[PDB]
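Only one chain is given next, in structure tokens, and it is the form deposited in one PDB entry.
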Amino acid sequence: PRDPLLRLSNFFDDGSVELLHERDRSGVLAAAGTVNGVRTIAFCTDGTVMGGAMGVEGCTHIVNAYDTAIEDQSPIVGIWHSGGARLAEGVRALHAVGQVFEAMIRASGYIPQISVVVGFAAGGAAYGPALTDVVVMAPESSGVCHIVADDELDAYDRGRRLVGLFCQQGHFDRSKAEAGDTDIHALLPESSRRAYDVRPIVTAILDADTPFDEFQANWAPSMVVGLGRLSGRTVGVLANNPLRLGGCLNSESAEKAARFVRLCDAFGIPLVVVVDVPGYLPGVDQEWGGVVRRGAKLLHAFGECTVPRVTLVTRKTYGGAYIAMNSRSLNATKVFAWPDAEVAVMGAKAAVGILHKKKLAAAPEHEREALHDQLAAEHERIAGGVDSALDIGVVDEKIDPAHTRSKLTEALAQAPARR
């Protein structure tokens, strides 16, 4: 039921399991197999022996599995179900667990590491998955966990799909991009003032027949990140979500976006950045909790990034959030805008209030409103994205939204694999 061989067999392609060592009561079993054709290493802790508690010989098989995966550059998948370290083994067990961590650290950014957590998971079984790239959790067991599966079988499914996304990247296909084009703009609400869930726009850009594997959907909900396929090719998507916190960036969403960029960058996965963000969320909590540093992590992640990364401005992009959301100044591949997009320091009404403050305060009370409006409409006419933005080359092209999918695909495909 919790039998490590059953669990490994459910994970791996049907005929494919080869054990990496003799079965024993060490509390782990490691095997090679294939995942939809890809040689993959996996290990399962043994829920049947001491609740899966981790000891010296078990950790050794994990470290051995990592050495093999690293040597053959295969992805490596951990299946968890463990309540902590074998206490009776004392410091030897701590050391052996530290050795699993060191192997994960050696693997980091080099081979994909996916954790599928299927039982109660504590100690080494909490930190170990936290050193991996993706964590899939099954009900029987922030932003630590990326994907919540429906049940144990569905977790293997999502785990399997993740191997395919990292290891079977695929190729951009101009034909498939175009045949999947639609007027994505029709997905926005009628008023520019209404909030909306960005997720349908994401899934309308990405291939119709493919799941979008959103990461950490309930952590930092003003930011949506995850992996999917664009004309068959694995891409990472980052999109502000106006439904939550007005779509604003904040400490959590900056950290979520920044980790996800680093991940895609490490594995050569191009990025689609869907922007509609009015700024960072003001707040005492934000300043005091170090948003400045967090925001700096997102600037740094995009600025260092070398995979192709294309921005699509759907509605707004303002201020420091505009800079952070894969702007040209950060060395962005291409920046596209829908026809009614705006790129500005802030909204025209707020801008006018500052720029013409004294003149507004000098008008009588009863004319102040009409004047404020006239000034804001003029300020719109002057700049009002994306006109000024096009003129200085920080937006490359204003596009027909019907061609969003193909335009994005074309820009990512034309890009070098590594800037």
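When you see a residue number, it is the position in the sequence shown, counting from 1. If you superpose the two forms and keep the largest set of C-alpha atoms that fall within 1.5 Å, you have the rigid core.
Counting the unmodelled positions of the deposited sequence between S141 and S142 gives a long gap of 10 or more residues. Comparing 25 to 33 with 362 to 370, the stretch with the higher mean C-alpha B-factor in the PDB entry is 362 to 370.
Just going by the entry, 381 to 389 versus 44 to 52 on mean CA temperature factor gives the higher value to 44 to 52. Comparing the listed residues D265, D276, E255, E89, the entry records the largest Cα B-factor for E89. Among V118, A321, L230, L299, the highest C-alpha B-factor recorded in the PDB entry belongs to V118. Ranked against the other modelled residues of its chain, the C-alpha B-factor of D213 as given in the entry falls in the middle third. When all modelled residues of the chain are sorted by CA temperature factor, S74 is found within the middle third. Looking at the C-alpha B-factors along this chain, the one for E410 belongs to the middle third. Among the modelled residues of the chain, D14 sits in the highest third by CA temperature factor in this PDB entry.
Per the deposited record, the Cα B-factor of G347 falls in the middle third when ranked against the other modelled residues of its chain.
Below, we refer to the form deposited in another entry, which is not included among the displayed structures.
With the two forms fitted on their core, the C-alpha shifts between the shown form and the other one stay under 2 Å for all of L390, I70, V38, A363 except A363.
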